[PDB]
Each structure stands twice: as structure tokens, then as C-alpha cells.
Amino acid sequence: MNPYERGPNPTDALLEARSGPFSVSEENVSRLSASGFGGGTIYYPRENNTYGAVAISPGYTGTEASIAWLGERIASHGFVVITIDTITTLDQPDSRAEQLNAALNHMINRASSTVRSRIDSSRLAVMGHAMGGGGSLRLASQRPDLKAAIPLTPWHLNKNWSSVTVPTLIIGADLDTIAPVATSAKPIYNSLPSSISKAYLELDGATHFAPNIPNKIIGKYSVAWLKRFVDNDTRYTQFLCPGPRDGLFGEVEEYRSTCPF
């Protein structure tokens, strides 16, 4: 009934594991094979199907290494993910939004036949850490044809993103001092239209750099979000709605959404 559904029926354990159910391979993208971004790496399911595609930017001073685990982990759940370097490491969010776009177009039009044939180019999503997350918001603002956006501990000069209609999961870190949620993640989140699918997830005991190491909360709810909105996969709705618990036994500091989806 839903032709975009991929992989087995999800469970907490399956979404929390270090790798998802899809066996993945890599395609190196060097700086000078890449037009409009700094190169990177494509992770793609070996299983010959079509999948949605994700571009992931790092933040200020950061490299591909800072986000690599997340691209691989997400690809292992049924997506073609590019994890990029930026033209320079000090690039600002709007240029990073352009690079996420250049990275999406590389995967669709420029990569090998192996990668291009595995992409449903109509079902695309962007993610970014920090300034990379502001990049995600800007491109989402400019490309309402995108299916999902996941800004991680995001920063942008502008926090008013009421122009975004792309389903957005804002992830914050409670101990973040580089992009405090008081001044960034939360103002950003509340700006997004109450009429779109959106969620706000704040990690507990998390610094700005929590997204830069394997984190099973980030991995779980990123995959759940991309599944629901890139694949329209309603098997994943129950993970987002009502969504993660706070408190002593729960897995998060705070969670808000526009559930039900």
C-alpha cells in the first residue's frame, strides 16, 4: 500500500542499534569532483531499490568526520546519504544551505550509476549540525519541495523560520553554550508553523558537540523522522507521537511536537 516503505517493522531495539538493517557501501566524493561543496562521502544501501536521499552539513570549523557516523547510521536504515565537507571550514549558514543543495544535486545528477539509480530524486531531505543546521533551515525555506529537515543544535542569525513548510525536527542540547537553546533552538522551533509537522527534542546532559559522536537518541529519532516524512512511513509515527519520555527513566530532557501527525 505504501510503495516507499523500506526495511523491517521498526522496534526501539532496531532503531537504537549502532547500525540499521541495510548493508551499506560508500562512494568517495573528492573536493574537485564536487561542484559547489567541498566533497564528502555517499553512503547507500547495497540492496538495489530506490530510496530517499539526505544531505548532511557540518558546522563552523567542522569537517565531514564530525557527522560521518550519522550519515552511515541513517543510510543503514534505507536512505542514500551524503555527508559533506564545506568549501571552507568557516563558511556561514546561507552558503552552507547552497552547499547542501549542491550536495543533493551531486548525488542525483553527478554520482556513479550505482548511486543515481538508487535515488528517488523526488524525496529529499537535509540535515546539519550547528551552522550546518542553519543551512538546513535556509534551504528548507527556499525548497519547500524537500520532504524533511533535521537541524541539529542549530544556529542562524535569523531565528524566524515561519516561512518553512518542510517537516522539521529541531534537536537541541541542554548544556549547549555555543548555540544556546534559549536564544537559538527554541526561538527557531517556536517560529516554525504550528500547521506543519514539527518537533523539538532536547538532549539531556548534552553539549553543543553531542551530535558529533554516536548518540542513539539522535540516531533513533532522526531515522524515525526521515522514515515518516521522506518515506511517508506511518509505521514510524508512534515513535514521534507522543514521542520520547523525559524524566528519570526516559531518554530526553524535553520534547514538543505538533502531534498527532
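Residue numbers here begin at 1 and follow the sequence given.
Stretch comparison (86-94 versus 149-157) by mean CA B-factor in the PDB entry places 86-94 on top. Remark: stretch with higher mean C-alpha B factor among 228-236 and 30-38 is 30-38.
Sort the chain's modelled residues by C-alpha temperature factor and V164 lands in the highest third, per the entry. When all modelled residues of the chain are sorted by CA temperature factor, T183 is found within the middle third. Among all modelled residues in this chain, the alpha-carbon of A53 has a temperature factor (C-alpha) in the lowest third.
Looking at the C-alpha B-factors along this chain, the one for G135 belongs to the highest third.
For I196, the recorded CA temperature factor ranks within the highest third of the chain's modelled residues.
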